[PDB]
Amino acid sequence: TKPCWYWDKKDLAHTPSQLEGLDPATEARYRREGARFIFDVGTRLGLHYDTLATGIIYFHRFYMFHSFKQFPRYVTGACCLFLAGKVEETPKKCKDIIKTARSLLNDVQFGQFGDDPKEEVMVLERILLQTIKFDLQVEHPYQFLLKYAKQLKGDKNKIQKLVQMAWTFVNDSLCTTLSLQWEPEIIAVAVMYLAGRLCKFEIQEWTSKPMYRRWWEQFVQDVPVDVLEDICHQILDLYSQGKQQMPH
């Protein structure tokens, strides 16, 4: 009925761009840059966080079937956001996406759009839809971050700090291929885990079973600690030699 949208570490090393000779560090950067492009353009147009996230998921999925050497980052980013607005009932005119894209991008970056920027995006939509197999409905980690956090019972300032940190880490995760690796429920639990560790919070003490160390088992079933550690490490790698600084 519905297609599978999850790949191994091995499969993510053999993407169409890697096969065309693009090294992993460069593909990582193109994915980082393209996600932030979607994020920044949609934020300037005042779009909902699920719209941005839906745009970014389409973008990450697109480049499991196509190479960056054949399809320029930012055009695809613009096309992914344009379709996402329509799917998430927050439509914007393509015209306005191009306008906002121009203000953010330099002349070399915007060169990707060619002579007629709108036309390049409209043309690509046909392929975008085919590539995502018309599977338009997508769920993100934010809703699960909220659902699981509402069920915690304790100091409201510390919990708020957790949720606020966790929220930032969900944004950060969308730069990576984590949405291609793990379900949004898992990534939600992982960012809570990450924030809790950084804040020196013991989240089990806020749960229905205060004694048991694996607090996450009441939200997400059958997920070992190693998976959450790996998600954390991928998110923290974004702050390593990228020269970003993390919240609070």
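All residue numbers are counted from 1 along the displayed sequence.
**Study point:** Greater mean Cα temperature factor according to the PDB record, 137-145 or 118-126
**Key:** Going by the record's values, the stretch with the higher mean is 118-126.
Point to revise | Between 234-242 and 15-23 (mean CA B-factor, as deposited), the higher | key: The recorded data point to 234-242.
Practice item. Just grab whichever of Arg32, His66, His60, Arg213 has the top CA B-factor as deposited. Key: Going by the entry's C-alpha B-factors, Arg213 comes out highest.
Check your understanding: Between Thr54, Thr43, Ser179, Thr207, where does the Cα B-factor run highest in the record?
Key -> Answer for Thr54, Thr43, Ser179, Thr207: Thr207, with the highest C-alpha B-factor.
Exercise for review: Would you mind checking where the Cα B-factor of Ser103 ranks among the modelled residues of its chain, as the lowest, middle or highest third?
Suggested key: As the PDB entry reports it, the C-alpha B-factor of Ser103 lands in the highest third of its chain.
Exercise for review: Please place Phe37 in the lowest, middle or highest third of its chain by C-alpha B factor as given in the entry.
Suggested key: For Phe37, whose C-alpha B-factor we compare with every modelled residue in the chain, the answer is the lowest third.
Review point. Lowest, middle or highest third: where is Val87 by C-alpha B factor in its chain?
Key: Answer is lowest: the recorded C-alpha B-factor places it there.
Exercise for review: Taking the chain's C-alpha temperature factors as the reference, tell me which third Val75 falls into: lowest, middle or highest.
Suggested key: CA B-factor rank for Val75: lowest third.
Review point. Compared with the other modelled residues in the chain, in which third is the CA B-factor of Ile187?
Key: Lowest third - that is where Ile187 ends up once the chain's C-alpha B-factors are sorted.
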